[PDB]
Each structure stands twice: as C-alpha cells, then as structure tokens.
C-alpha cells in the first residue's frame, strides 16, 4: 500500500490550437496555400523549430514530413510532395515575433499572467493524500508537438498527438470525489489502486509507453523512497568488501558466465557504469550500458602511455552522452576481457551469456534490495563524504569551505559522467548523494544549509535536514 486516501483535481489539458492570422501565409513551390487547420497546426510545430538543430537533421525532416502528410487533406497530399518546396518562413517569423512581444510585455501584462498561473497552480497543483495537501509535479498534459528524441533517435520529428480526456485514467481513493472531466467528455477509466503512486496516466503514442502524473519530491511518497534508497546504499557499505572479494575470485571461475558477470559487476562497481538494459533494435538511439557493451566499445592495450593493462572505453551512454576513458585494470580482468573478444565481430556483445536480469538476480541473492544502480549511489555518497572530510579546511571560511564542498561535489559528478552543456553537478547533488551527508557537514562546520541547498533542495531534503546531525556517517 501507498496511501489510504487520495483526492485530486485531475490533469490540466493543453490549450486548444489557435489558428494562424490571415495575413500569415504558407508557400509551396512559390504558391500560397491555405493549409487545413490540422495540417496548419502540424506545420506550425515545425515552424517554431526552424531556428533549431532538429530541423536540420534528415531523420527529423523525414519523420516530420511523413507524419504531416498523414494529416493533410487528399488535396495537400497531391500538391505538397517535397519538403524542400515548403516555405515556413513567414509563419516562422510570426511566432518569433510573438516571443518577443512577450519578452516585451508591460509589467501590468506580466503581473496579470503571473497570477493566471498562480490560480492554475493553487487549483490543480495540489492533491490530498491521506490527511495532508501535497504538491503535484507535472499537473499538465504534454502538448501535441514533434518528437525530440535525443541522439540518433530514429523517431525524432514524429508527431506527438494531443491527449484527450478519453485517454486519461484517473487514480484516487474509493471514498474520494472523482475529478470531473471537461464538460462533454469522459475519462478513459477511474481506478482506486492504492498499490501505486500515480494520480493520472495515459499511453503515449510514439513509443506506446504509459505516462504518469506524479507527486513532488517533497511529497511523503517521494521522500520516503529517497530515504530508503540511501539506506539501501548504506547497507551495501557493509558488505561491499565481501562482495568485492567474491567477484574478484569469480574472475577465475571455470565458467565464463560467472566471469562475464564478475567483470561486469567489476566495472559497475569501480566505474559506476549503468546496468545497461537492452534497447529495441532499430527503435531507439544506439546507447549502451555495462551489460550491453559491444566488442567495438573497448580497446585493450597491454601497455598504453606507460600504463599497463589498459582498457579503453568509448561509447554513448544514456542520452547519447559520450563516456570516454582509459582504465588501468587488474591483469586477470584484462585477460578475461581478451577471452571474451575472441571470435567475435565488432557488432558482437562483449558480455554475451549475460544480462541485467542475470546480474541483479545475483546481486539480490547477495543482499536483499541490491541492484546495479545501488552501487552508483553508494559510490557517489561514499566519495563525497570522504572528500568533505579530506578537503574541508578546519580553519577555513564559509566561502572557501563552500568551494571545498564544490570540489568534493565535482569529484562525484565526474565519476557518474554528468554533463550539462560540461561537468554538471546538479544531478549528483540531487540524485546520488545522501543529503544527511551535507546536512551533517553543514552543521559541523557552521555552514548554513541555505548556502548549499536552495529552498527547493531544502524542501526535498527536509527529512535529512532534520534527522541528521554532526555525528552522521554514511
């Protein structure tokens, strides 16, 4: 069970499409064309993106073009046969204009809309779970638009349709007032499932996956999980030595399965690589994790730049972000890696005979609740605490001790390979480091938590900012 009582207002639907001005026109092969409202709409999605890299990719253009046609009238399909002949510039300029006519709004104008938001937020921004009012994260349905898959996503540019109330499944307690859909519509369904944390859900058309509207990080339901997550990583702190010794000997198992997984658990542990689940062949971008690594992703070098037994990783992790690195590994592992490459083609799997189900299944037998990801959290958390104790000058000053924090904080962002656009510290600070670690340190050094965590971070980590003191040790 996740809650005994649950009441809410339901999702906020996307604004209906507002038709283009008569003065704003579309040109095809030099001629003007009053596009049907549905074909006009899709075209606008494209227009508002003409200033974006997405419109230069040939996958986007083809996906967009194909999907656009599926909306045109039988006549537009006869005429508009070449994207290269479509002129979205006038249209493009109108929205660009609109944006500026927004950057350039009067204070009275701005104030008016700020308050139009405040009413939406105060109305659909909260729900009642059990006895308290909680904050809802994504209370508005994702608007129709073109798919922005990261990387070489083969589905980028595909149309993301408008979600009707008839696609929405509502979740709330049996004793709750069911949120009424917009007048003249019905919800897809209304369930009273108290084993789940979502309030709303609908199936997304491009992948065919379920989308949910869930609570806020500061919600109980979210915070409790977070607390638990670090606990689980703390328990690993206790048996990692047992665990590291055990796989370290599995490197010599007379069974390759056992070795493939021990080398994998090795990388995951030492390098913080993600489990690496399998992605549908030709339906997602080609990114890989530890398990899914292919032969072509690593290069071994008996000696490299002086170093000996160097495995060179070069691949695109999650979000097609590149993970490049030269790692000096232990001989036995280096050799196993060669054993695993024999008779394989570049496109072959390094760790054939091994997967995340197998790996985690194993991990669980070793410690209840242990999974690949737990290593990352643990490694990150243990890293930050070790560094906060090593770089924090005793007689330094708040600002410099804050720089100290930042340096300790960045050592972690490097481990996980967090890159904004480079080294992004936000995610580790919000997702992998036990808040109690910073809370303690702050309290110990007299550095105000407000100096490190901002108000929201404090809302989120509130549980930690109260239950952890100057004696906290992960």
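Positions refer to the first chain, counted from 1.
*Asks:* Count of coordinate-less deposited residues separating residue 32 and residue 33, as none, 1 to 3, 4 to 9, or 10 or more?
*Replies:* Gap between residue 32 and residue 33: none.
*Asks:* With respect to the recorded C-alpha B factors, which stretch has the higher mean value, 24-32 or 56-64?
*Replies:* The stretch with the larger mean CA B-factor is 24-32.
*Asks:* Select between 443-451 and 429-437 the stretch whose C-alpha atoms have the higher average B-factor in the entry.
*Replies:* Higher mean C-alpha B-factor in the PDB entry: 443-451.
*Asks:* Highest Cα B-factor in the deposition, which of 357, 183, 165, 149?
*Replies:* The record points to 183.
*Asks:* In this PDB entry, which of 264, 293, 233, 398 has the top CA B-factor?
*Replies:* Largest recorded C-alpha B-factor: 398.
*Asks:* Report the third (lowest, middle or highest) to which the CA temperature factor of residue 317 belongs, ranking only the modelled residues of the same chain.
*Replies:* Answer is middle: the recorded C-alpha B-factor places it there.
*Asks:* When the modelled residues of the chain are sorted by Cα temperature factor, does residue 154 land in the lowest, middle or highest third?
*Replies:* Answer is lowest: the recorded C-alpha B-factor places it there.
*Asks:* Looking at the temperature factor on the CA atom of residue 346, which third of the chain's modelled residues does it land in?
*Replies:* Highest third.
*Asks:* Taking the values exactly as deposited, rank residue 5 by C-alpha B-factor within its chain and report the matching third: lowest, middle or highest.
*Replies:* For residue 5, whose C-alpha B-factor we compare with every modelled residue in the chain, the answer is the lowest third.
*Asks:* Taking only the Cα B-factors deposited for this chain, tell me whether residue 413 sits in the lowest, middle or highest third.
*Replies:* Middle third - that is where residue 413 ends up once the chain's C-alpha B-factors are sorted.
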